[PDB]
Amino acid sequence: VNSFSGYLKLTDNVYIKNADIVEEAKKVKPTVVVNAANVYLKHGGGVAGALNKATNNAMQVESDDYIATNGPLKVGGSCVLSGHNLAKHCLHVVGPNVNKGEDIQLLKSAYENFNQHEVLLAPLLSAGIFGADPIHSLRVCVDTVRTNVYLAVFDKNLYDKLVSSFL
Ligand SMILES: NC(=O)c1cccc2[nH]ccc12
C-alpha cells in the first residue's frame, strides 16, 4: 500500500490522475518525483519551471553545480538529485523535445530510466512544451515502464482524452 490517492488504474503498474504535479508532490512527498528536464537542467518553464519555482530556485542552484561538474545530460538520459521540499529525490529525465527536432524514438530510452526506481510520481515525458503527442507518450510509458508509476496530468481536458482513448 502507498499514499497516492484518486488515481485511475490503467495497467498492473501505471496509474493516472488530473493533478498539478507540484501540489501532488507537496501532499504525498514521494520517494521520487520525475522532472521533465532538458540536457542543461535549465528549469525555465513547463513542469521543470513549476517544480523549480516550488523549491524557491534551490533545484536550479543544485542543478547548476551538477552541470558545472558533469556537463550536460544526454537526450534520453537522467540524473538523480535532491527532491528538496517536494520529494526525497528528483529524477531529472530528458525526453526528446520535438520543438528542437529530437528523435521521438528516444522517448522509450527516456522512460527506461523510470525502471531504476520502484515507485515514482511523474509527468508524461515529452508532452506539453516538449511538443510530442501525449497519447503517444502514455503508450510508450505503459509499454516501457515496469515499476509503479503515478502520472499527474495538469490539463483536465487532456486527462479526459488520455483516459477515453486508452487501449
Ligand atoms: N525492476 C523491474 O524491472 C521490474 C519491476 C516491477 C515488476 C517487474 N517485472 C519484471 C521486471 C520488473
# chains A, B, ... in the order shown; residues from 1 in each chain; ligands from 1
$ closest_atom_pairs --of "chain A" --to "ligand 1" --cutoff "9 Å" --atoms "only C-alpha atoms and all ligand atoms" --output "tab-separated table"
residue	atom	partner	partner_atom_place_in_ligand_line	distance
A:13	CA	ligand 1	6 (C)	7.8
A:115	CA	ligand 1	1 (N)	5.4
A:116	CA	ligand 1	1 (N)	6.3
A:117	CA	ligand 1	1 (N)	7.3
A:118	CA	ligand 1	5 (C)	6.5
A:145	CA	ligand 1	3 (O)	7.9
A:146	CA	ligand 1	5 (C)	4.7
A:147	CA	ligand 1	5 (C)	4.3
A:148	CA	ligand 1	6 (C)	7.1
$ write_last_selection --atoms "N, CA, C and O atoms" --output "JSON list (two decimals), in the first residue's frame"
[["chain", "number", "residue", "atom", "x", "y", "z"],
["A", 13, "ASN", "N", 0.72, -1.65, -13.45],
["A", 13, "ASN", "CA", 1.75, -0.79, -12.81],
["A", 13, "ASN", "C", 1.60, 0.70, -13.10],
["A", 13, "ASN", "O", 2.37, 1.48, -12.50],
["A", 115, "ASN", "N", 12.62, 2.66, -14.66],
["A", 115, "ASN", "CA", 12.70, 1.27, -14.18],
["A", 115, "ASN", "C", 13.74, 1.12, -13.08],
["A", 115, "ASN", "O", 13.77, 0.06, -12.44],
["A", 116, "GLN", "N", 14.59, 2.12, -12.85],
["A", 116, "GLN", "CA", 15.59, 2.07, -11.76],
["A", 116, "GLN", "C", 14.98, 2.46, -10.43],
["A", 116, "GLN", "O", 15.72, 2.51, -9.42],
["A", 117, "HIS", "N", 13.68, 2.75, -10.38],
["A", 117, "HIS", "CA", 13.01, 3.24, -9.17],
["A", 117, "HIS", "C", 11.70, 2.49, -9.00],
["A", 117, "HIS", "O", 10.91, 2.40, -9.91],
["A", 118, "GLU", "N", 11.48, 1.92, -7.81],
["A", 118, "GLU", "CA", 10.28, 1.07, -7.55],
["A", 118, "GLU", "C", 8.95, 1.81, -7.71],
["A", 118, "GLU", "O", 7.99, 1.17, -8.13],
["A", 145, "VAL", "N", 7.67, 1.12, -19.03],
["A", 145, "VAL", "CA", 7.91, 1.13, -17.56],
["A", 145, "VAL", "C", 7.33, -0.13, -16.89],
["A", 145, "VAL", "O", 6.19, -0.48, -17.20],
["A", 146, "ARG", "N", 8.11, -0.77, -16.03],
["A", 146, "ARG", "CA", 7.68, -1.99, -15.31],
["A", 146, "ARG", "C", 7.45, -1.66, -13.83],
["A", 146, "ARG", "O", 6.66, -2.35, -13.19],
["A", 147, "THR", "N", 8.05, -0.56, -13.35],
["A", 147, "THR", "CA", 7.87, -0.15, -11.95],
["A", 147, "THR", "C", 6.59, 0.65, -11.82],
["A", 147, "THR", "O", 5.86, 0.87, -12.80],
["A", 148, "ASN", "N", 6.26, 0.98, -10.62],
["A", 148, "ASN", "CA", 4.93, 1.59, -10.37],
["A", 148, "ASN", "C", 4.99, 3.10, -10.56],
["A", 148, "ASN", "O", 5.69, 3.81, -9.81]]
$ residues_around --residues "residue 27 of chain A" --least-positions-apart "2" --cutoff "10 Å" --atoms "only C-alpha atoms" --output "ChimeraX atom specification"
/A:3-4,21-25,29-30,86-87
$ select_by_dssp --residues "segment 1-96 of chain A" --states "helix (DSSP H, G or I)" --output "JSON, numbers by chain"
{"A": [21, 22, 23, 24, 25, 26, 27, 28, 46, 47, 48, 49, 50, 51, 52, 53, 54, 58, 59, 60, 61, 62, 63, 64, 65, 66, 67, 68, 69, 70]}
$ write_last_selection --atoms "N, CA and C atoms" --output "PDB file, in the first residue's frame"
ATOM      1  N   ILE A  21       1.341  18.359 -10.623  1.00  0.00           N
ATOM      2  CA  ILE A  21       2.437  17.554 -10.042  1.00  0.00           C
ATOM      3  C   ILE A  21       3.111  18.250  -8.860  1.00  0.00           C
ATOM      4  N   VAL A  22       3.159  19.574  -8.893  1.00  0.00           N
ATOM      5  CA  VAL A  22       3.723  20.335  -7.750  1.00  0.00           C
ATOM      6  C   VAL A  22       2.890  20.098  -6.482  1.00  0.00           C
ATOM      7  N   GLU A  23       1.562  20.248  -6.615  1.00  0.00           N
ATOM      8  CA  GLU A  23       0.617  20.098  -5.479  1.00  0.00           C
ATOM      9  C   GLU A  23       0.600  18.632  -5.055  1.00  0.00           C
ATOM     10  N   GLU A  24       0.685  17.713  -6.001  1.00  0.00           N
ATOM     11  CA  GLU A  24       0.717  16.297  -5.662  1.00  0.00           C
ATOM     12  C   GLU A  24       1.980  15.940  -4.887  1.00  0.00           C
ATOM     13  N   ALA A  25       3.128  16.448  -5.354  1.00  0.00           N
ATOM     14  CA  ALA A  25       4.401  16.167  -4.668  1.00  0.00           C
ATOM     15  C   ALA A  25       4.359  16.731  -3.230  1.00  0.00           C
ATOM     16  N   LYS A  26       3.894  17.958  -3.113  1.00  0.00           N
ATOM     17  CA  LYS A  26       3.801  18.613  -1.773  1.00  0.00           C
ATOM     18  C   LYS A  26       2.930  17.799  -0.817  1.00  0.00           C
ATOM     19  N   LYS A  27       1.878  17.179  -1.316  1.00  0.00           N
ATOM     20  CA  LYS A  27       0.933  16.387  -0.477  1.00  0.00           C
ATOM     21  C   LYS A  27       1.546  15.027  -0.134  1.00  0.00           C
ATOM     22  N   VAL A  28       2.033  14.277  -1.121  1.00  0.00           N
ATOM     23  CA  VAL A  28       2.495  12.889  -0.961  1.00  0.00           C
ATOM     24  C   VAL A  28       3.912  12.834  -0.392  1.00  0.00           C
ATOM     25  N   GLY A  46       7.306  25.012 -18.224  1.00  0.00           N
ATOM     26  CA  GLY A  46       6.651  23.709 -18.192  1.00  0.00           C
ATOM     27  C   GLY A  46       6.701  23.113 -16.797  1.00  0.00           C
ATOM     28  N   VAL A  47       6.741  21.799 -16.736  1.00  0.00           N
ATOM     29  CA  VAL A  47       6.841  21.103 -15.456  1.00  0.00           C
ATOM     30  C   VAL A  47       8.126  21.543 -14.720  1.00  0.00           C
ATOM     31  N   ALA A  48       9.246  21.637 -15.413  1.00  0.00           N
ATOM     32  CA  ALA A  48      10.514  21.955 -14.734  1.00  0.00           C
ATOM     33  C   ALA A  48      10.448  23.338 -14.094  1.00  0.00           C
ATOM     34  N   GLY A  49       9.937  24.319 -14.838  1.00  0.00           N
ATOM     35  CA  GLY A  49       9.844  25.660 -14.239  1.00  0.00           C
ATOM     36  C   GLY A  49       8.954  25.652 -13.038  1.00  0.00           C
ATOM     37  N   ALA A  50       7.862  24.888 -13.058  1.00  0.00           N
ATOM     38  CA  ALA A  50       6.934  24.848 -11.915  1.00  0.00           C
ATOM     39  C   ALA A  50       7.573  24.140 -10.717  1.00  0.00           C
ATOM     40  N   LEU A  51       8.208  22.998 -10.955  1.00  0.00           N
ATOM     41  CA  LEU A  51       8.892  22.299  -9.836  1.00  0.00           C
ATOM     42  C   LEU A  51       9.965  23.206  -9.242  1.00  0.00           C
ATOM     43  N   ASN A  52      10.763  23.825 -10.100  1.00  0.00           N
ATOM     44  CA  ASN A  52      11.867  24.638  -9.581  1.00  0.00           C
ATOM     45  C   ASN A  52      11.306  25.817  -8.770  1.00  0.00           C
ATOM     46  N   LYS A  53      10.256  26.480  -9.260  1.00  0.00           N
ATOM     47  CA  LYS A  53       9.647  27.606  -8.545  1.00  0.00           C
ATOM     48  C   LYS A  53       9.205  27.137  -7.162  1.00  0.00           C
ATOM     49  N   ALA A  54       8.615  25.960  -7.058  1.00  0.00           N
ATOM     50  CA  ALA A  54       8.117  25.426  -5.780  1.00  0.00           C
ATOM     51  C   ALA A  54       9.263  25.193  -4.801  1.00  0.00           C
ATOM     52  N   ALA A  58      15.966  26.455  -5.368  1.00  0.00           N
ATOM     53  CA  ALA A  58      17.036  25.581  -4.865  1.00  0.00           C
ATOM     54  C   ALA A  58      17.328  24.453  -5.869  1.00  0.00           C
ATOM     55  N   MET A  59      16.316  23.970  -6.579  1.00  0.00           N
ATOM     56  CA  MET A  59      16.542  22.958  -7.625  1.00  0.00           C
ATOM     57  C   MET A  59      17.514  23.505  -8.671  1.00  0.00           C
ATOM     58  N   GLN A  60      17.316  24.739  -9.122  1.00  0.00           N
ATOM     59  CA  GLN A  60      18.206  25.334 -10.140  1.00  0.00           C
ATOM     60  C   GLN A  60      19.625  25.506  -9.621  1.00  0.00           C
ATOM     61  N   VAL A  61      19.772  25.948  -8.382  1.00  0.00           N
ATOM     62  CA  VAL A  61      21.117  26.129  -7.796  1.00  0.00           C
ATOM     63  C   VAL A  61      21.840  24.776  -7.775  1.00  0.00           C
ATOM     64  N   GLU A  62      21.181  23.722  -7.298  1.00  0.00           N
ATOM     65  CA  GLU A  62      21.783  22.409  -7.246  1.00  0.00           C
ATOM     66  C   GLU A  62      22.119  21.925  -8.646  1.00  0.00           C
ATOM     67  N   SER A  63      21.215  22.159  -9.597  1.00  0.00           N
ATOM     68  CA  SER A  63      21.391  21.721 -10.981  1.00  0.00           C
ATOM     69  C   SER A  63      22.579  22.420 -11.642  1.00  0.00           C
ATOM     70  N   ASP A  64      22.750  23.695 -11.387  1.00  0.00           N
ATOM     71  CA  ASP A  64      23.876  24.424 -11.966  1.00  0.00           C
ATOM     72  C   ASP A  64      25.211  23.845 -11.494  1.00  0.00           C
ATOM     73  N   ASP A  65      25.298  23.482 -10.241  1.00  0.00           N
ATOM     74  CA  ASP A  65      26.512  22.838  -9.710  1.00  0.00           C
ATOM     75  C   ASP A  65      26.667  21.480 -10.384  1.00  0.00           C
ATOM     76  N   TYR A  66      25.597  20.695 -10.567  1.00  0.00           N
ATOM     77  CA  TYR A  66      25.710  19.378 -11.240  1.00  0.00           C
ATOM     78  C   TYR A  66      26.266  19.558 -12.637  1.00  0.00           C
ATOM     79  N   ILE A  67      25.754  20.503 -13.395  1.00  0.00           N
ATOM     80  CA  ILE A  67      26.223  20.701 -14.786  1.00  0.00           C
ATOM     81  C   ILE A  67      27.672  21.197 -14.799  1.00  0.00           C
ATOM     82  N   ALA A  68      28.021  22.080 -13.899  1.00  0.00           N
ATOM     83  CA  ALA A  68      29.393  22.605 -13.856  1.00  0.00           C
ATOM     84  C   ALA A  68      30.357  21.451 -13.600  1.00  0.00           C
ATOM     85  N   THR A  69      29.976  20.438 -12.852  1.00  0.00           N
ATOM     86  CA  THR A  69      30.856  19.294 -12.568  1.00  0.00           C
ATOM     87  C   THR A  69      30.800  18.270 -13.679  1.00  0.00           C
ATOM     88  N   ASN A  70      29.635  17.935 -14.197  1.00  0.00           N
ATOM     89  CA  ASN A  70      29.428  16.726 -15.045  1.00  0.00           C
ATOM     90  C   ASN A  70      29.157  17.039 -16.489  1.00  0.00           C
TER      91      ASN A  70
END
$ residues_around --residues "residue 134 of chain A" --least-positions-apart "3" --cutoff "9 Å" --atoms "only C-alpha atoms" --output "PyMOL selection string"
chain A and resi 124-128+131+137-139+158+162
